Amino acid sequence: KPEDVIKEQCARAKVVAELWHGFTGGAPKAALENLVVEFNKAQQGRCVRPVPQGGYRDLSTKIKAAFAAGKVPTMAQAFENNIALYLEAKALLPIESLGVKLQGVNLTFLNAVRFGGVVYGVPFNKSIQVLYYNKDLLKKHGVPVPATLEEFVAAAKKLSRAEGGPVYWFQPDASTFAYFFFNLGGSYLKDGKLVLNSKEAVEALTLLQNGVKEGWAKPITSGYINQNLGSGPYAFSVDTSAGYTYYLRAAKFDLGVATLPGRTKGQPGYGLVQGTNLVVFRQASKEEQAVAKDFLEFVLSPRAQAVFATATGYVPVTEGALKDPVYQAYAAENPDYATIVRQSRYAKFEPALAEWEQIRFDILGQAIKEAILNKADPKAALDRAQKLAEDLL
């Protein structure tokens, strides 16, 4: 068990840098621990201790408690909005002040960790949405993988009619809504104001709610989409690439990965970038900061990124990772890794506002759930979301 190995490594160590994370298990937790085990073996008496804090929401709550208690870890995973929050307290070390080189990091990811021109995060486990699909079920009914939103809706209705059940499965949540919202031309910031109830928002939430009414979209209310597989016909989901190993272990059918359907065939749709960056807390000792420096250099190395990305379905964050022989050997055997990289070229972020975590779950996610599960009118549900968000900001 890698967490037992690390516990023993850290027991023999003169300096331990704690890294608080939101991996509850599967391949992401095993890949993070395996990376830490190798880092720790290369050091002389210096270690990283990964500390599971629950999911990402539990992690952000535990960091809030840590600020209140006046005792932060050395490193933590952080979404771009969590970075914005922690910078209000000036709790974060600039990454380049540690002497970590970021050249060769993808500008999609590096730009998202740059605040006021300075980098306060190291992109580590960055995901993109992809189209997961049931190759067997599409083959059975001769339905090509849809390249456009129009094709996707047609494919879902045709397969749902043939199978007697809704085949597009989705979580009624902010992540899923972002795919439809972005690819209907939606934009969350209008002259720097956060807008949740634009016509593209209403259109995105109407399309999902109509999908449920018309019997081609199946809301998943309990667990992850990959935990629900096997109950009723499944053709498609739009989901994080970090879901890849979880789909593979659950799927009784031949799992497919495609680029996202876009407005036209001239370009794939935009996917939502999720997963986290590593931040380094100012409060850490110079000795713990020096361990963070080396760990970050290690996490950005082409081998570390190649192994982590091939073990998980996360997007390798560097140019050098794609040139690493381990990455190349996996990609040559499994086209899904190249599909994830291609889709990572067409990448949108949610707003990096300090309040965004509360807004995306408690306000926006609640409005999506009202409309999908309680048949609330999409505009009325999003107008309420807008009022609650305007009150919070």
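All residue numbers are counted from 1 along the displayed sequence.
A.B. asks: Out of 315-323 and 190-198, which one has CA B-factors that are higher on average in the deposited record?
C.D. replies: Between 315-323 and 190-198, it is 190-198.
A.B. asks: Give the stretch, out of 10-18 and 367-375, with the larger mean C-alpha temperature factor in the deposited entry.
C.D. replies: Going by the record's values, the stretch with the higher mean is 10-18.
A.B. asks: Maximum C-alpha temperature factor per the entry, among 80, 203, 163, 239, belongs to which one?
C.D. replies: Of the candidates given, the C-alpha B-factor peaks at 163.
A.B. asks: Highest Cα B-factor in the PDB entry belongs to which of 279, 110, 273, 87?
C.D. replies: Comparing C-alpha B-factors across 279, 110, 273, 87, the maximum falls on 87.
A.B. asks: Lowest, middle or highest third: which one holds residue 223 when the chain's residues are ordered by CA B-factor from the entry?
C.D. replies: It belongs to the middle third of the chain when residues are ordered by C-alpha B-factor.
A.B. asks: Lowest, middle or highest third: where is residue 333 by C-alpha B factor in its chain?
C.D. replies: Highest third of the chain for residue 333's C-alpha B-factor.
A.B. asks: Would you please rank residue 142 by its C-alpha temperature factor against the other modelled residues of its chain and give the third it falls in: lowest, middle or highest?
C.D. replies: Answer is highest: the recorded C-alpha B-factor places it there.
A.B. asks: Among the chain's modelled residues, which third holds the C-alpha B-factor of residue 28?
C.D. replies: Tercile = lowest for this residue's CA B-factor.
A.B. asks: In terms of the chain's CA B-factor thirds, is residue 152 lowest, middle or highest?
C.D. replies: As the PDB entry reports it, the C-alpha B-factor of residue 152 lands in the middle third of its chain.
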